[PDB]
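The next block holds one structure in the form of structure tokens; read it before the comments.
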Amino acid sequence: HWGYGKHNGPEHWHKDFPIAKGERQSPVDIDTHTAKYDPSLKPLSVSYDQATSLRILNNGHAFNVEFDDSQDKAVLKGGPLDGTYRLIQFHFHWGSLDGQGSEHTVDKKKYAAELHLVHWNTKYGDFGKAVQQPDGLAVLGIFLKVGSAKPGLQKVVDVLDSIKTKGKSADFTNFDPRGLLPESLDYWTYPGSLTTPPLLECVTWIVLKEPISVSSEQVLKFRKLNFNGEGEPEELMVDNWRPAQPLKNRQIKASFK
Ligand SMILES: NS(=O)(=O)c1ccc(-c2cnc3ccccc3c2)cc1
Ligand SMILES: [Zn+2]
């Protein structure tokens, strides 16, 4: 099955998921000089004060911090969006080296990691229905650069030892995702896809221009996770990013001048 290795990595996915060669695939390079300022773009509305985190899971390609999405608790609105999107999970993509790891790039620059806060459009009733719709998901993407530690990330880092291998999960209640956001909510936005199989073309991408800083030790502990399950040969969970895909007939808009 699919993964990030030489024999099952992004270059192979199209054989099981032909949409990998589609017209609105993610991630993309964000050419900041070609992205046009759109003065009609509204500010983002990130309402996370009532977020209810539940669990953290090693799913064999990343770790997901999952939320209660059975009610409107943590929601994304505004920006390019119509309607209300419920937070269901966030996860990261990261590198084996500080100089790579993000999925989106900015003027071809790669960050050490990228955070994805995944939300689904409540008008479709549940997550599984939403991913079948071209406006089903809104993913808030946030770059991570290596520098000073991010205090609000440390509770995530601390628990990774307990979910080292594929299929392990741990209680993760009372985590506040507001501690993962940068100061500014200026963003770029474009229509795209899931960056992992099934690669469905259901995502409005909202990528924050301001990265967050994490410490070398924080990302180091990301890289001690495992792709494999317990009892199998150890494969470090590193370089779980898909590279930039052709922009094709899309325009990236900027919320800011
Ligand atoms: N990396 S990303 O674009 O933010 C992202 C990628 C994939 C999913 C996801 C994962 N597994 C699925 C299984 C069945 C249906 C939809 C799925 C979506 C959810 C979010
Ligand atoms: Zn992702």
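Following the order of the structure tokens, first chain is A, next is B, and so on, with residues numbered from 1 inside each chain and ligands from 1 in the order they appear.
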Notebook entry, point to check: Where in region 50-91 of chain A does DSSP assign strand (DSSP E), given as a list in words?
Noted result: residues 53, 54, 55, 56, 57, 58, 63, 64, 65, 66, 67, 75, 76, 77, 78, 85, 86, 87, 88, 89, 90 and 91 of chain A
Residues from the last selection, N, CA, C and O atoms, saved as a compact mmCIF listing (two decimals), in the first residue's frame:
# COMPACT_ATOMS: atom_id res chain seq x y z
N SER A 53 -10.36 18.43 22.35
CA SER A 53 -9.48 17.37 21.87
C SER A 53 -9.79 16.08 22.61
O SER A 53 -10.23 16.09 23.76
N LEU A 54 -9.55 14.96 21.93
CA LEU A 54 -9.88 13.65 22.49
C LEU A 54 -8.69 12.71 22.54
O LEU A 54 -8.46 12.06 23.56
N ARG A 55 -7.94 12.61 21.44
CA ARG A 55 -7.06 11.47 21.26
C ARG A 55 -5.95 11.88 20.30
O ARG A 55 -6.15 12.75 19.45
N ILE A 56 -4.80 11.23 20.44
CA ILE A 56 -3.72 11.34 19.47
C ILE A 56 -3.39 9.94 18.95
O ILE A 56 -3.33 8.97 19.72
N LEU A 57 -3.23 9.83 17.63
CA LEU A 57 -3.14 8.53 16.98
C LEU A 57 -1.98 8.51 16.00
O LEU A 57 -1.84 9.44 15.20
N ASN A 58 -1.17 7.46 16.05
CA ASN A 58 -0.15 7.21 15.03
C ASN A 58 -0.82 6.33 13.97
O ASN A 58 -1.14 5.17 14.23
N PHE A 63 0.91 11.55 12.83
CA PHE A 63 0.08 11.43 14.02
C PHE A 63 -1.02 12.48 13.97
O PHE A 63 -0.78 13.64 13.60
N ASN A 64 -2.24 12.05 14.31
CA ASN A 64 -3.39 12.94 14.30
C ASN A 64 -3.82 13.23 15.73
O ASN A 64 -4.03 12.30 16.52
N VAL A 65 -3.96 14.51 16.06
CA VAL A 65 -4.68 14.91 17.26
C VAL A 65 -6.13 15.14 16.86
O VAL A 65 -6.43 16.00 16.02
N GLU A 66 -7.03 14.35 17.43
CA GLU A 66 -8.43 14.31 17.01
C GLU A 66 -9.31 15.11 17.97
O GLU A 66 -9.04 15.20 19.17
N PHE A 67 -10.40 15.66 17.42
CA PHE A 67 -11.31 16.50 18.18
C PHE A 67 -12.74 15.96 18.08
O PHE A 67 -13.08 15.21 17.16
N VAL A 75 -14.43 25.91 15.15
CA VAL A 75 -14.85 26.09 13.77
C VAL A 75 -14.02 27.17 13.09
O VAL A 75 -13.57 28.13 13.72
N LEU A 76 -13.86 27.01 11.78
CA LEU A 76 -13.21 27.98 10.92
C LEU A 76 -14.27 28.60 10.01
O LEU A 76 -15.08 27.88 9.42
N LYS A 77 -14.28 29.93 9.93
CA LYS A 77 -15.21 30.66 9.09
C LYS A 77 -14.48 31.82 8.43
O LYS A 77 -13.31 32.10 8.73
N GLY A 78 -15.18 32.53 7.56
CA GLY A 78 -14.59 33.74 7.05
C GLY A 78 -13.54 33.44 6.00
O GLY A 78 -13.53 32.38 5.37
N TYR A 85 -16.96 25.48 9.09
CA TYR A 85 -16.16 24.26 8.99
C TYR A 85 -15.72 23.84 10.39
O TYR A 85 -15.09 24.62 11.11
N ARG A 86 -16.03 22.59 10.76
CA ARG A 86 -15.67 22.03 12.06
C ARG A 86 -14.28 21.41 12.02
O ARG A 86 -13.97 20.61 11.13
N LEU A 87 -13.45 21.75 13.02
CA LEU A 87 -12.16 21.08 13.20
C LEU A 87 -12.38 19.62 13.57
O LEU A 87 -13.12 19.31 14.50
N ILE A 88 -11.73 18.71 12.84
CA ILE A 88 -11.79 17.29 13.16
C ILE A 88 -10.44 16.75 13.63
O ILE A 88 -10.39 15.90 14.52
N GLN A 89 -9.34 17.21 13.04
CA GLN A 89 -8.03 16.73 13.44
C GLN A 89 -6.97 17.69 12.93
O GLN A 89 -7.21 18.46 12.00
N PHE A 90 -5.80 17.68 13.58
CA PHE A 90 -4.62 18.28 12.99
C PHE A 90 -3.47 17.28 13.04
O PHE A 90 -3.45 16.36 13.87
N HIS A 91 -2.51 17.48 12.14
CA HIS A 91 -1.35 16.63 12.00
C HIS A 91 -0.24 17.47 11.38
O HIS A 91 -0.48 18.60 10.95
Report task. Please identify the residues whose atoms come within 9 Å of ligand 2, using only C-alpha atoms and all ligand atoms, and report them as an NGL selection string. Result -> :A and (62 or 90-93 or 103 or 114-118 or 139 or 141 or 194-196 or 241)
Give the alpha helix (DSSP H) residues of region 42-211 of chain A, as DSSP finds them on the backbone, and put them as a ChimeraX atom specification. /A:127-130,154-159
- Work out how far apart CA of residue 228 (chain A) and CA of residue 59 (chain A) are and give it in Å to one decimal.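 CA of residue 59 (chain A) lies at a distance of 9.6 Å from CA of residue 228 (chain A).
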Atom pair CA of residue 104 (chain A) + CA of residue 41 (chain A), distance 20.8 Å
Pairwise distance, CA of residue 171 (chain A) with CA of residue 4 (chain A), equals 27.2 Å
### Message
Between A:128, A:80, A:9, A:243, which residue has the minimum interatomic distance to residue 44 (chain A), considering only C-alpha atoms?
### Response
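Looking only at the distances to residue 44 (chain A), the closest residue turns out to be A:80.
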Shortest contact to residue 177 (chain A), candidates A:147, A:152, A:197, A:18, atoms counted only C-alpha atoms, goes to A:152
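The shortest atom-to-atom distance to ligand 1, with only C-alpha atoms and all ligand atoms taken into account, belongs to A:2 out of A:2, A:72, A:250, A:81.
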